[PDB]
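Written below as structure tokens is the structure these notes are about.
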Amino acid sequence: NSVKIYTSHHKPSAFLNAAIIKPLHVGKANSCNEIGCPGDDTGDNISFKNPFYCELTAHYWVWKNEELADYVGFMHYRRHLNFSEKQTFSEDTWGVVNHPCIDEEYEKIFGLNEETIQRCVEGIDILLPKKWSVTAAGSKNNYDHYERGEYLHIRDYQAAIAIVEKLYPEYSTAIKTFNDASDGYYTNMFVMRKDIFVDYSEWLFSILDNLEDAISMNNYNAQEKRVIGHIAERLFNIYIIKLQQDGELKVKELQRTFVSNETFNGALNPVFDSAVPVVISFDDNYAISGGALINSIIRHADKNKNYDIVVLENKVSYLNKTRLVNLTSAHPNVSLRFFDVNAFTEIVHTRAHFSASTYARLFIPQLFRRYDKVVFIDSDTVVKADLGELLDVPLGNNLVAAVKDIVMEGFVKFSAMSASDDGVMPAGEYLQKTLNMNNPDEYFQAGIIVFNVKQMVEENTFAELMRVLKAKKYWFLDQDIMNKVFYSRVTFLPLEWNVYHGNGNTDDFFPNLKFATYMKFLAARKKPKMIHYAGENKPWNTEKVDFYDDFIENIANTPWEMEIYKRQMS
Amino acid sequence: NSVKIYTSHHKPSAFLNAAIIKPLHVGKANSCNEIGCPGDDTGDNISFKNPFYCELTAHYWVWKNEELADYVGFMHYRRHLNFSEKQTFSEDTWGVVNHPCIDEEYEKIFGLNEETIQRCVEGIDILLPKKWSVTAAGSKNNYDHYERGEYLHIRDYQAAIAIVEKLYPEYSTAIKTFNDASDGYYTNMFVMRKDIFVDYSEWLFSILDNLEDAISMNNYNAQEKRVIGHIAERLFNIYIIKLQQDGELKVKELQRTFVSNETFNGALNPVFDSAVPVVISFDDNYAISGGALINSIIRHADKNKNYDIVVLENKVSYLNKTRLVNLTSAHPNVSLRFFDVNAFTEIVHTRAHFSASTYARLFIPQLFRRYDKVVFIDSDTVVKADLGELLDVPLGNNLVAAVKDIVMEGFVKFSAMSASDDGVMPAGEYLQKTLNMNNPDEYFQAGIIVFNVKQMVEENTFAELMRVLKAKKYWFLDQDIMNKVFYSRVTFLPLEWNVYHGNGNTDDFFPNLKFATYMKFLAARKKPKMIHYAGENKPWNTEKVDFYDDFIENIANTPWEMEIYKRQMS
Amino acid sequence: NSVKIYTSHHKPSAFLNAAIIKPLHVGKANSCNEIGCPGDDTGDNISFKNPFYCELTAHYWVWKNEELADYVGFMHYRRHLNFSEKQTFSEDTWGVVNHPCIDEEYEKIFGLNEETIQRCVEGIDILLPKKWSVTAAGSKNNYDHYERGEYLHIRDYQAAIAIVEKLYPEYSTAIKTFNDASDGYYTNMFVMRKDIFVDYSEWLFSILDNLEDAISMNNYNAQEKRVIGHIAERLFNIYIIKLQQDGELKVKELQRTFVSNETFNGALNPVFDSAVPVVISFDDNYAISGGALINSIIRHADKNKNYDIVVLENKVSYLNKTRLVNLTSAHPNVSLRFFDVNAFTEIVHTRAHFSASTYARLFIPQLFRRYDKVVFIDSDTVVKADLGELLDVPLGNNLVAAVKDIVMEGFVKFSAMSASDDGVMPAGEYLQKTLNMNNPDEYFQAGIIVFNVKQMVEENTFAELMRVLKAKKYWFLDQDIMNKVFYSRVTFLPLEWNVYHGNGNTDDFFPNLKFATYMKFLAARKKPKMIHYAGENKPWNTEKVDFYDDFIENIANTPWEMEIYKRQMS
Ligand SMILES: [Mg+2]
Ligand SMILES: [Mg+2]
Ligand SMILES: [Mg+2]
Ligand SMILES: [Mg+2]
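Protein chains in written order, with PDB author numbering: chain A, 7 to 353, 356 to 578; chain A', 7 to 353, 356 to 578; chain A'', 7 to 353, 356 to 578. A prime marks a further copy of an entry chain.
As structure tokens, then:
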């Protein structure tokens with residue numbers, strides 16, 4: 007006895023833990039993002055039709071590409087079926103059983119595990135939710151319910167009915183029965199036997215193929231455009247009624263569940279067996295900076311290495327996401343994927361308000377927990393060397409590798425006033441008291457960090473990062489949080505890997521540091537391995553900036569090239 | 007007995023049918039165009055001096071590079087010699103025999119064939135036109151005729167006379183005879199014996215070489231600049247008179263002909279043994295679009311294939327033609343040639361007025377009749393794939409391969425009013441009645457067409473295209489003409505080969521088509537093989553356009569790159 | 007007995023002739039220029055610290071990288087030590103012996119040769135200048151002299167004293183002796199024994215290493231920034247006093263010299279064993295033109311050849327010099343070096361005023377006297393071919409190879425009025441009388457010249473060029489000087505190697521030349537090997553210029569690309 011049930015996701019959303027539930031990113035052919043599960047857009051598929059077919063694209067993809075278990079099923083991502091013996095849970099106005107979020111109790115009480123689902127499907131042909139009555143909604147019957155639909159047009163359903171009549175004359179009585187009935191299964195959520203699934207699939211999609219030739223939309227909006235999926239809900243009933251009229255059919259109606267709070271529990275998988283994982287975070291307004299950075303990474307990439315680039319994007323435009331991927335198209339050793347950074351607000357929480365993008369670095373050990381090591385780099389940078397050699401630096405059981413922050417070194421030396429929830433104090437005292445660093449001199453800059461993810465997973469560093477995030481607001485936000493949590497667990501990278509470009513004036517601050525540090529800064533400027541445009545004067549704005557040619561070099565011959573001229577003509 | 011006579015052409019112009027007449031494109035080194043015959047600019051040549059030497063560049067090229075027949079001759083492209091027995095044809099005020107155009111009767115009555123020319127040259131040393139008298143023009147003698155010339159300066163002829171005297175003292179009496187005579191052969195049109203041709207060539211060009219050192223032009227205009235050719239007309243007489251004074255010389259004076267109506271009957275020959283012939287048509291204002299297209303063709307070209315690109319140009323600037331060829335300079339497998347599209351107005357005519365560029369596609373089976381198959385593509389496109397795979401599509405005896413026009417599909421479905429000489433009617437009725445298409449749904453788009461030229465040659469499809477062009481004016485011009493003539497002889501290419509970019513709004517028209525067609529349009533947009541910027545909003549104008557990066561990608565790093573910025577700053 | 011003494015140079019400056027004196031370009035890591043000697047920036051070095059360590063960078067470099075002779079010494083570039091027996095030369099207010107310039111008498115009287123220096127160091131441990139008294143300057147002792155220093159801060163010297171005390175407790179009495187003394191060796195100029203040099207080096211730089219950690223500058227200016235070098239002058243005395251207190255030490259105090267007139271006598275050495283030496287000259291305002299030229303040279307370079315490019319720069323910006331070198335970074339067969347052209351004013357002089365850049369070509373046989381042949385090219389050019397084939401042209405004992413000047417050919421033919429110190433006369437008479445050219449037609453253009461340097465060295469052509477430069481001012485400056493001196497010693501290059509772009513109007517002047525010359529000009533324009541943008545309308549200014557695309561082609565995808573748009577938007 008084998009069961010495989012598929013859940014349809016369109017954004018980062020919690021996954022069920024049972025191995026028999028397979029999540030699918032439906033409509034992935036139209037998405038530039040990853041959500042942590044395979045898409046419906048591999049092999050023989052109709053993923054691009056998801057705006058119109060809805061979850062039928064998952065149905066189609068499983069039908070054409072999956073090795074079918076003895077039972078094949080489909081559920082929504084926040085709406086599932088109750089497979090447990092207790093079918094007496096409190097239901098509401100719509101007949102659904104509500105549960106706050108997807109947790110271990112949710113999967114236990116609703117029987118969302120292999121053992122409970124297997125006993126529920128024992129000698130049953132089809133499992134599905136309870137019928138819903140159209141007479142309460144004011145409709146006379148199921149046919150009239152389609153016609154009165156706010157976003158429905160009966161001519162589309164009439165066209166589908168004629169096709170069933172022509173292609174399958176033996177269904178005419180089943181069509182009449184459903185259309186004149188006052189109830190039915192208004193759902194695409196079911197579990198049915200392998201042989202019934204194949205027969206229904208061949209039957210349903212033969213009708214839908216002809217339906218595409220028989221109807222034409224008339225300025226349909228997003229809801230009306232789902233006409234195909236809406237029609238398939240009626241065909242589902244016509245098909246079942248025909249099976250019941252022919253002979254036996256054992257149907258088990260189950261309760262429906264609803265999850266009121268969306269969460270995210272997934273993770274990104276590596277795309278190569280061995281690669282240099284590079285993590286960048288920016289919104290649409292910094293997409294130009296991210297393009298130059300990614301182009302700089304490609305230009306200094308080792309031909310014999312692979313590069314797994316993941317952008318934690320905050321509403322980057324579809325155009326910019328397309329342009330960014332197009333930078334990697336000619337390079338099979340360079341992958342670029344996008345993840346909605348805003349999923350981090352609902353992973356383990358601080359119920360105060362905070363920006364997922366502002367604190368994105370804190371979530372690297374969780375999202376990338378399947379990686380051994382990962383290199384984060386600020387988006388306002390360009391590299392002058394292979395980022396892969398950062399992966400070769402021996403880390404031991406240190407949590408991170410990073411560059412010592414010489415700007416903070418100046419803040420401590422010159423008694424710059426800090427600002428946080430603990431008041432206002434010199435930066436040196438702030439580092440010792442608030443950040444609990446016995447040596448404030450070990451403060452590292454967060455513009456480039458090699459995460460020892462494997463060690464963070466063993467120590468559950470992520471839970472500590474969240475705890476520190478909850479406790480108070482810090483002067484330099486996640487940079488302060490990571491300096492506190494990673495203290496005495498930091499490998500120090502040479503200054504060549506994080507060279508400040510100096511803003512408009514580089515001679516005002518750095519020459520007044522410790523002489524040895526100033527010498528290290530002067531030597532690093534002469535052969536940088538990464539240039540950090542940290543500050544107010546960005547190269548995509550003024551041109552009158554140190555290392556400005558290094559930025560232009562990587563933005564020339566990209567779609568952002570002509571943007572820089574207008575964006576610079578103040 | 008062998009005869010080879012060469013005709014000098016500088017633009018598309020009719021060729022004589024006899025195999026012994028060899029057409030030459032004189033001054034081809036200064037031209038960017040092909041006219042359908044070899045140039046005077048291969049091997050040892052002086053083609054660039056054609057503005058000054060005139061037809062002497064053809065003389066020089068034959069002298070240095072051709073295997074000389076027993077008789078070598080030269081004629082103009084619309085002025086020839088009468089080799090027939092009848093030398094009594096009606097002549098006019100200037101002593102020329104006029105004939106409307108070059109046809110089969112013209113070549114028959116004036117003996118322009120191998121048999122008649124061979125009997126005319128039997129025991130003759132030199133054949134040439136009748137002498138012309140300078141006394142009727144008001145001149146005292148041949149010397150005075152040069153001095154009184156409107157665009158002549160006697161100091162140039164005096165310089166040439168001194169050179170003949172110094173280099174060839176034995177010519178002094180022949181110089182005096184001609185200069186004091188009142189008549190002579192004012193022509194460069196002759197047929198002479200192989201040995202006389204070589205001797206005259208060595209003699210004439212030895213003088214002209216020294217003449218270049220002895221004269222200097224003084225702000226000469228185009229007519230004055232022909233001083234070398236004008237002087238050679240006098241030297242021709244001095245040379246002949248010397249031969250007659252030394253001993254025997256048998257001269258046969260023939261009548262001159264003139265062709266009052268210029269036509270074109272040539273064809274372009276393949277430049278590779280096997281290649282992908284690509285035909286594009288545009289004027290100078292669309293040269294930027296053509297550059298992006300040609301660059302896109304190069305960028306997606308197969309290294310193991312050859313590409314024979316021919317641009318039917320309508321007064322494209324010399325600068326733009328140079329820039330376009332320079333796109334192919336680094337690619338020995340890509341050829342680019344230009345042909346004046348305006349020659350199509352005088353090929356088989358509709359004596360109404362029409363634009364050669366507007367109807368250029370109709371003339372492809374005639375100009376390219378020596379090709380088996382040819383791919384036409386609109387100039388407002390860019391390709392995303394190798395155009396060579398269009399040549400691999402099985403055509404059978406179909407006349408063309410093209411993409412079904414989904415815009416016309418919408419016009420028929422939505423009863424768009426047509427406009428032609430047959431009035432105003434719905435597009436569906438217009439397609440059935442005016443275009444005689446039993447199924448209006450097979451209407452194909454003309455933005456990319458694989459011509460089965462070999463089949464069109466066998467069926468003489470070109471004559472039918474011209475007949476249909478004469479009959480009436482059509483709603484979509486040559487697209488309608490080709491849909492009518494090619495009906496039921498069309499292989500349908502997948503929509504990926506002609507993807508509309510959608511202008512500024514792509515959601516207004518296409519979603520209201522047949523649902524199956526809209527799905528095909530959505531799938532084709534996701535991986536286009538050719539992008540068609542058909543419509544009002546062109547990417548070289550607004551930037552705010554779908555597939556705009558695909559156009560910029562191919563115009564970047566070309567001489568038109570900075571043009572796009574000023575042309576877009578409205 | 008072995009002696010090696012090093013002199014510190016920071017700009018083009020005269021070198022001592024004795025083989026035992028080794029010149030060093032100190033701080034070369036911060037310079038983009040060559041001055042004719044090795045730098046302090048190879049191997050283990052601190053060259054970038056030269057703004058702070060001063061000549062200690064030469065000391066450090068010799069210590070870490072040189073095979074030390076029995077005696078190691080250091081002198082300034084215009085201040086040396088008197089090694090001769092006579093130590094009684096007239097000294098001035100500061101105790102230095104002045105000499106006008108570095109000549110053979112200077113090296114003789116002050117014993118700056120191997121023989122005199124060897125006898126001076128016979129049984130001596132350390133040689134150095136006379137002590138200087140701080141009491142005359144108003145100081146109480148050597149400690150107080152540091153504190154009262156205008157650009158000195160005693161806290162820095164106090165920090166160095168504490169380090170000597172901690173690291174070397176045995177020096178406390180030597181520290182007290184020097185600090186309380188009223189005199190000492192305020193110098194970094196010395197010669198000492200090999201073993202004393204190593205011990206002092208390990209001692210001095212161990213202190214300076216710790217000093218970098220113990221001090222921090224406070225908005226120091228250029229003079230204050232030399233704190234390290236200033237402190238080392240005191241440590242030098244502390245170290246010597248300790249050696250004298252421990253036991254024996256034989257010290258020989260020598261007189262100091264000063265050279266009041268700076269000269270230059272060096273030469274550039276080849277960087278490859280075999281290469282194409284290319285010499286260009288421009289200031290910062292023509293750096294854009296030089297970038298396009300150098301890029302054109304790279305684009306047409308033979309992969310199997312090396313290219314030794316030297317720019318005689320006249321205050322080209324640091325940014326532009328960096329951008330120019332960056333053009334060669336991806337090309338290991340192309341070297342780019344810079345030399346300050348202004349050193350030519352002090353090589356052999358005309359004590360009138362003249363511009364080193366205006367007459368830079370005249371100095372090629374002197375600066376490049378170690379090359380066999382050298383190709384000069386104007387900066388307002390782009391090449392269309394490998395410059396290396398100019399080196400293959402047989403020169404014999406001719407002094408130069410160049411292109412005949414057809415513009416001067418027109419000036420002579422049209423009696424253009426010359427202008428020089430000899431008055432105003434037709435150009436033909438000027439060429440014969442002032443330039444002493446029996447045939448004015450052999451006048452060559454100076455925009456591209458192959459110098460036969462080896463022949464010029466044998467004939468001392470440079471001395472003649474200088475003599476002619478002194479005598480009078482010429483119409484076309486160094487072009488006239490070189491035409492006079494190189495007359496009848498010129499190999500004539502084909503016109504394809506120096507094609508005028510024609511300014512805005514090319515049809516006004518050239519068609520009126522000798523006809524043969526005009527034909528040569530028309531043929532050269534059709535396939536140029538070098539395009540000369542000589543004149544008023546430069547391609548980086550107007551766009552409306554012949555061969556404009558040839559210039560843009562080489563400036564596109566460089567940092568000057570966006571400069572051209574603003575510089576052209578008038
Ligand atoms: Mg940053
Ligand atoms: Mg570019
Ligand atoms: Mg078009
Ligand atoms: Mg010049």
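Backbone N, C-alpha and C fix where the C-beta goes; we use that ideal spot for every residue, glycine too.
Anticipated Cβ contact below 8 angstroms, residue i with residue j, distance rounded
i: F184 of chain A'; j: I132 of chain A'; result: Not confirmed; about 15 angstroms, so no contact.
i: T263 of chain A''; j: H86 of chain A''; result: 5 angstroms
i: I181 of chain A'; j: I244 of chain A'; result: 6 angstroms
i: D162 of chain A''; j: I221 of chain A''; result: 5 angstroms
i: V316 of chain A'; j: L274 of chain A'; result: 6 angstroms
i: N267 of chain A'; j: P106 of chain A'; result: 5 angstroms
i: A25 of chain A'; j: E120 of chain A'; result: 7 angstroms
is_contact[residue i, chain A''] using C-beta, thresh 8 angstroms
i: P567 of chain A; result: no
i: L530 of chain A; result: yes
i: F54 of chain A'; result: yes
i: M570 of chain A'; result: yes
Within 8 angstroms, strictly: CB atoms of residue i and residue j
i: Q261 of chain A''; j: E128 of chain A''; result: no
i: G512 of chain A''; j: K552 of chain A''; result: yes
i: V322 of chain A; j: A293 of chain A; result: yes
i: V408 of chain A''; j: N460 of chain A''; result: yes
Beta bridge counterpart(s) of residue i as assigned by DSSP
i: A410 of chain A''; result: A'':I457 and A'':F500
i: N104 of chain A'; result: A':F264
i: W138 of chain A''; result: A'':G190
Any C-beta of chain A under 8 angstroms from that of residue i
i: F523 of chain A'; result: yes
i: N23 of chain A'; result: no
Cβ of residue i within 8 angstroms of any chain A' Cβ
i: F211 of chain A; result: no
i: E218 of chain A; result: yes
i: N224 of chain A; result: yes
i: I11 of chain A; result: no
Sequence-distant residues of the same chain with beta carbon closer than 7 angstroms to residue i, five excluded per side
i: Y83 of chain A; result: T13, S14, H15 and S19
Same chain, Cβ closer than 6 angstroms to residue i, neighbours up to 5 away in sequence not counted
i: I108 of chain A; result: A20 and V265
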